[PDB]
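Protein chains in written order, with the UniProt record's numbering: chain A, 2 to 245; chain B, 4 to 234; chain C, 1 to 250; chain D, 6 to 248; chain E, 2 to 205; chain F, 20 to 215; chain G, 11 to 251; chain H, 30 to 255.
Positions of the beta carbon are idealized from the N, C-alpha and C atoms, including for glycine.
Below is one structure, written out as structure tokens; comments come after it.
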Ligand SMILES: *[B]([O])([O])[C]([C][C]([C])[C])[N]C(=O)[C]([C]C1=[C][C]=[C][C]=[C]1)[N]C(=O)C1=[C]N=[C][C]=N1
Ligand SMILES: *[B]([O])([O])[C]([C][C]([C])[C])[N]C(=O)[C]([C]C1=[C][C]=[C][C]=[C]1)[N]C(=O)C1=[C]N=[C][C]=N1
Ligand SMILES: [Cl-]
Ligand SMILES: [Mg+2]
Ligand SMILES: [Mg+2]
Ligand SMILES: [Mg+2]
Ligand SMILES: [Mg+2]
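Pasting the structure below:
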């Protein structure tokens with residue numbers, strides 16, 4: 002029968018690891034680096050695009066940074082198509098919570114839900130896991146500014162600063178060196194870009210290679226604004242910090 | 004070899020190895036004998052024990068007032084199949100007010116066993132059955148194999164060393180068929196037949212199991228001191 | 001008589017590769033060259049009609065397909081996979097959009113739906129990925145003109161211009177030199193014909209080339225008059241004669 | 006290699022080896038035949054007497070479908086019964102909807118499509134029987150033979166099982182020597198002879214002859230078993246021809 | 002018993018010169034018993050305004066439903082939904098409950114941000130669209146509102162005149178209905194400013 | 020409605036009035052109640068217009084698929100498919116159908132299927148509201164093995180009376196002749212049949 | 011090497027089960043040919059009855075799908091009949107739902123879409139057949155559309171299928187290179203059948219008796235197969251000129 | 030409602046009034062009852078308004094997909110078949126009464142369809158509350174071999190009969206002409222015989238007439254930067 006052709010995606014190795022999760026993580030390690038840095042007055046999301054071509058229409062392009070609601074955004078590392086399936090599920094979960102309680106979804110609850118979906122693919126159903134790692138940047142009135150990451154295992158953890166994708170070992174050492182707790186958004190912007198600039202496999206870091214975003218409680222009259230940076234705005238912040 | 008992993012695979016010579024392995028479970032099972040005349044039909048079964056502290060595994064199951072079987076192989080599979088026979092006998096009674104024909108009972112078992120040999124996931128039944136009965140066309144004896152093959156016979160035997168009892172019946176054919184209106188002499192011939200399949204062990208009081216059905220005789224099982232008469 | 005393939009046939013290998021997606025991309029590489037170029041006032045998509053026999057009527061086989069009145073698609077790779085994707089793309093434009101909002105979907109969202117269907121073939125039980133890469137050109141009121149590529153993985157990228165299939169590496173280099181942000185539609189059609197001539201071996205004419213545009217509204221092609229807001233389809237497939245005219249000024 | 010381990014897999018030849026292995030089970034089975042006559046059909050089969058303990062005339066192999074179709078088969082006997090059970094359901098639903106009894110060609114395709122369906126998936130095994138069947142309908146007599154692949158054709162004469170080559174040779178003589186046709190009573194006699202001649206391939210164990218027939222004149226177009234005097238007349242004719 | 006007149010209430014919308022107005026009463030009752038005098042019936046999703054009369058549980062449910070749908074629309078489309086598109090979404094959503102409908106009388110009002118064109122529309126409970134040039138009425142005093150609008154209205158009114166007309170249409174219609182009144186709100190909507198005014202009316 | 024089918028020597032003839040009513044308003048005065056389910060198997064429809072069309076459409080589908088697989092169906096087979104639908108959906112249908120067809124073997128055959136879903140093979144059949152008024156007339160004037168001209172006159176006179184007395188029947192008398200020669204459509208207008 | 015057992019991609023981007031299904035197509039060793047006239051579409055196929063015990067009237071690879079559509083199959087008969095029954099069902103369902111007769115090209119597309127599904131879904135095998143659909147369509151006129159195990163389909167001016175397809179194909183190609191038209195310029199279908207048989211004789215290099223051939227003809231509003239005597243009349247006319 | 034369809038020499042014409050009502054109230058004075066199913070297949074609707082819109086849009090959507098699938102222009106009989114099977118399934122509960130007309134490669138066609146799923150063929154048809162007034166006109170003035178100009182005239186006269194004599198119908202006459210080998214021409218408000226007279230008085234109020242309690246700006250913009 003069909004048993005012959007079953008890869009068995011949801012089993013333990015003799016060492017107690019989940020084969021497909023480990024191999025999905027290996028896939029993610031080749032994806033473009035994404036960095037999240039949390040400050041006292043905001044969060045920065047920086048990410049490197051993978052496909053440098055002069056003919057790629059950058060201003061209408063979105064492979065790394067996605068919006069989940071007005072308060073929460075994600076940076077993607079891995080298969081973009083897999084990530085979009087999960088993103089649309091997360092967008093719906095946020096609106097289901099808003100419809101039910103008439104309050105915006107707390108960041109951790111959204112993260113847990115997505116992480117639980119990923120977990121399900123590792124324990125049952127016989128399907129391959131999602132080859133995606135997320136950095137969640139968000140705000141709510143309980144914990145304020147929060148950074149989380151989730152990976153194909155469905156495990157999630159909270160961070161002050163974190164990287165996913167390529168060269169995370171190198172990136173996490175550099176963040177651990179220069180990060181401080183009293184840091185601000187403008188300083189975190191500079192740290193995020195400097196870290197990518199050193200870890201990048203490219204010859205130089207340019208505006209056409211980056212997606213950039215900030216979540217600030219520096220909107221008019223104590224609200225929270227999500228800014229997805231336009232190409233020209235990324236070019237300006239690269240000159241300002243002194244990388245180009 | 005490579006073609007015995009499941010029941011859905013033919014070998015290159017057109018054989019179904021899982022069915023043949025299920026057939027092997029019957030040969031490991033304890034011997035049971037069936038035989039009949041024109042008036043009565045008899046089952047004789049050698050029951051097997053685990054050790055001296057244990058009971059002897061029951062070999063004979065009643066299906067209706069006019070029909071029942073003896074088993075050899077996996078007992079749980081005999082329970083499944085006998086329960087199916089009980090229901091089919093019962094359906095015939097409730098819906099048609101009709102005692103189920105023994106030939107038709109065989110046809111139903113055949114078709115039930117067959118479905119397990121052609122579909123993936125399932126396994127063949129690991130048991131052989133000797134069905135006796137008395138219906139509107141007199142006494143009957145059937146042999147069921149889990150390949151699906153069902154055979155109407157004057158006499159037969161299945162299980163370990165069953166070839167000895169089967170040869171005896173093949174010689175005795177002309178004698179025991181004529182034992183009409185005499186249940187005790189027909190049982191004697193069955194007990195003498197099953198004795199040809201014995202080695203080392205002999206027929207004791209809690210070892211032997213006999214059943215009979217006939218013209219004015221419901222299907223009744225004899226165990227214990229009820230079979231001491233025939234030892 | 002059971003579908004017992006409830007498990008993924010595309011899985012991660014030790015190196016992190018999804019083998020079936022890579023192999024689907026290899027099938028796309030073998031497929032005939034197709035391209036797309038975006039102008040200021042339009043988009044052009046084009047491909048070679050590789051005829052399997054001269055007895056076959058290549059007009060009946062449409063490699064360039066209308067999805068909505070303002071969106072068109074072309075492919076490289078396995079034609080049958082493309083044909084069923086076009087059927088599903090047309091249907092999903094209605095079911096998940098037009099029947100809800102009373103208007104056709106914008107290019108990016110129709111692309112997103114096609115992408116979703118192709119992603120599901122990359123993860124669902126008992127299926128292989130689609131062996132095609134699509135180029136989807138379209139127009140909508142708020143986004144303007146656009147051109148998207150969609151791969152077997154489900155991943156999609158917006159392009160100013162690109163090519164896929166057989167001679168895509170060479171064709172992409174040719175387009176990098178010629179493309180600018182001030183191109184008119186006629187200039188893009190001219191560049192499309194030049195780019196496509198390099199990858200074609202045999203005959204090069206209107207009967208062996210399939211080319212369509214997303215351009216101005218065509219009220220003559222609408223089929224009815226009396227509703228001012230309905231101005232006609234922006235998708236138009238160029239005729240065999242219309243291609244040959246531009247090949248003389250080539 | 007590995008192409009023969011799973012049903013519905015094409016080998017590099019373009020063959021389904023599992024179906025070809027099912028044919029081997031059919032070739033292993035007892036001989037069964039079919040003869041088309043003037044106004045009907047005759048079916049016959051070799052039943053091997055494994056033991057004296059087998060009750061004569063009781064283990065009936067030929068099966069009726071509806072009231073007008075006969076079916077006989079060689080190979081795995083339970084697989085044949087499963088197919089006839091399906092045939093009966095197909096014939097019942099046809100008669101339920103359309104009133105008329107199922108035509109023989111219509112019935113032939115119902116079995117054919119069902120057998121062919123068991124070569125489409127790895128989750129099922131092909132049928133281990135070749136089935137000879139037919140009867141009388143509104144358009145006259147029809148004889149068919151259906152293989153494990155789902156392949157079937159119409160026949161003047163048909164044979165399958167271990168004695169098929171011997172039988173096929175004898176059927177070919179009848180076709181050449183009777184172009185105007187063979188009568189129903191003649192076909193019963195000839196069927197007995199052919200099973201007796203085909204028994205040289207299974208000659209170790211003695212056997213039991215079983216014949217059935219549908220004929221417009223002799224049975225009113227209904228399937229009946231050949232019994233008593235007419236059976237013994239056919240056995241005597243067969244016994245005379247071998248000696 | 003009749004779900005459309007348990008709670009009571011009204012909505013009216015009008016077009017003017019480069020503007021629209023939408024207005025509603027504030028009553029929520031259980032038949033004769035007045036319960037709340039703060040139950041607003043006009044909601045907004047970006048620049049598109051939706052008034053809903055009828056059964057109050059469905060008014061609340063549909064507000065929550067269209068907030069949900071317009072939020073997802075905006076995330077995917079990367080722009081706010083327009084009045085013409087929202088009208089179709091309301092119709093679709095109502096008709097999908099054809100044989101178990103929401104007992105409501107919705108009213109869409111707004112200005113298309115691209116064309117600048119004033120737009121209003123009304124619906125029955127199963128989603129039939131009435132896309133009027135002049136005005137739309139809804140609720141337990143719809144007969145009364147039709148009469149007021151049909152006499153008081155004239156086309157191309159300036160925002161501050163249109164305010165007076167719609168307010169007098171609502172107030173006088175509400176005073177001839179037992180289940181409407183108890184306060185009133187009027188939105189005056191222009192291309193990039195929206196003024197909201199609470200009206201002083203008789204509290205019986 | 021007044022409908023009838025009559026077997027004669029060369030085959031069968033189906034006849035019908037042309038009136039559809041919503042209460043006492045005549046919704047359609049030129050209705051065609053004689054409908055083709057196969058080349059030479061036709062039916063007369065009475066009762067609900069929607070129900071009889073739905074049934075007739077399904078029967079035409081079933082017989083087209085029968086023909087693809089098994090060749091030309093018998094008139095009995097067509098009547099059986101009508102029956103199966105009318106009987107099994109008796110609670111939800113208001114359909115009184117007469118099935119008429121021509122084989123070369125069986126010649127002309129008529130089957131009537133009333134409300135219950137029962138089948139009745141007959142030499143001729145009458146049905147519809149207007150048939151009540153012509154039971155007497157049809158019983159007295161019907162003969163077996165009539166000629167084509169005699170059968171046309173028999174139907175014309177019969178439906179003329181059914182029309183005269185029944186308000187639910189009226190308009191033109193349509194007929195369909197089914198013989199070895201083929202399929203002939205006949206029409207008869209009020210000025211012709213009223214003066215009979 | 012389980013990428014060769016089910017319909018998944020090999021490293022080369024190939025579907026080996028689809029390729030092996032194409033090889034099953036020629037297992038019957040029968041050659042078919044289809045051409046178009048002015049008013050008609052003719053399809054001919056070799057008929058081989060090797061066994062004397064066979065009833066030759068039941069041995070056929072041409073099928074009447076609907077009144078208007080005919081189908082010839084190159085491939086084993088069980089798969090041929092599977093395809094035939096489905097096409098018949100599809101054609102009938104189309105008429106019921108949409109109120110007009112299913113066009114030849116649309117049925118071809120439908121059957122090709124079904125064939126595509128078997129190349130993408132693992133549990134279903136491809137059918138080892140090539141389906142040549144013929145009609146005189148009420149919109150497009152004389153029509154030949156052909157489907158294969160890959161799910162590919164296309165319209166044809168004329169076509170050929172089988173072991174010796176290339177020899178028949180080139181013979182037809184060379185004729186249409188001379189005449190410079192997409193069809194056989196001939197009024198009667200009888201002469202179009204004579205053309206089809208003549209050009210098969212020339213291409214294959216074999217003579218035919220009445221029992222060696224099998225002919226199908228599509229005209230406006232019907233498709234029918236010729237009897238052995240109707241073919242004999244065709245063979246006599248060829249020999250006499 | 031009053032809706033009609035009239036066949037002519039080279040095509041078909043349909044017409045309708047523009048009133049929708051609930052009870053004795055006129056809900057809409059300029060209703061659009063001519064629905065486009067495909068470019069050259071249009072239909073006039075009567076009955077429950079939401080149902081007629083929903084049923085035409087659904088079948089129009091599926092007709093468009095069918096047209097793309099088959100590479101053929103849609104046929105009126107296909108729209109007819111799909112409409113009747115859908116309506117029959119819902120046993121009259123979808124209250125759509127339609128006059129379906131069009132041109133396709135087969136020719137010009139005119140059908141009616143009722144809520145329970147029965148269809149009828151004719152040269153002239155009417156439906157809705159004003160169908161008796163319209164059918165009276167059609168039965169008095171219809172002939173064989175009408176020209177385009179004569180058929181438009183007859184159709185609009187039949188709608189006018191409904192407008193004037195039936196309280197369920199009113200306002201304006203909408204027409205759509207579908208001629209063979211031509212684009213279908215939709216003539217919205219073809220006749221306008223019911224313009225309201227000037228009012229005697231202007232009811233524009235002096236500014237400040239209405240008493241206000243509170244004013245406030247409503248934030249319609251998104252959350253701002255900085
Ligand atoms: B006949 O009067 O039975 C006739 C037959 C039908 C096939 C046209 N029936 C009708 O006219 C029926 C009503 C009826 C009358 C007498 C007995 C039973 C039924 N009318 C309709 O079905 C109808 C009427 N208006 C619109 C749609 N359908
Ligand atoms: B006509 O009178 O048939 C017309 C046709 C429709 C397509 C505009 N019908 C209506 O106007 C119906 C009448 C009706 C009233 C009540 C129940 C069922 C039918 N009116 C509406 O559908 C209607 C009324 N008010 C608001 C919305 N829809
Ligand atoms: Cl399809
Ligand atoms: Mg009040
Ligand atoms: Mg009060
Ligand atoms: Mg009358
Ligand atoms: Mg497969």
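Neighbour-count burial assignment, residue i, 16 or more Cβ in a 10 Å radius
i	result
residue 98 of chain B	exposed
residue 93 of chain G	buried
residue 78 of chain G	buried
Coarse secondary structure for residue i, derived from DSSP in three states
i	result
residue 97 of chain D	helix
residue 93 of chain B	helix
Test item: CB-CB of residue i and residue j under 8 Å
i	j	result
residue 93 of chain F	residue 148 of chain F	no
residue 209 of chain C	residue 46 of chain C	yes
residue 25 of chain A	residue 167 of chain A	no
residue 37 of chain E	residue 7 of chain E	no
Residues of the segment 6-31 of chain A whose Cβ lies closer than 7 Å to any Cβ of chain G, in chain order: Listed in chain order, the positions of the segment 6-31 of chain A with a beta carbon within less than 7 Å of a beta carbon of chain G are 6.
At least 3 beta-carbon pairs within less than 8 Å: the segment 134-143 of chain E vs the segment 6-19 of chain E: yes
Interface positions of the segment 89-120 of chain D facing chain F (Cβ-Cβ less than 7 Å), listed along the chain: From the segment 89-120 of chain D, only 102, 103, 104, 105, 108, 111 have a Cβ closer than 7 Å to chain F.
Residues of the segment 226-241 of chain A whose Cβ lies closer than 9 Å to any Cβ of chain E, in chain order: none
Positions along the segment 238-249 of chain H whose CB lies within less than 7 Å of some CB in chain A: none
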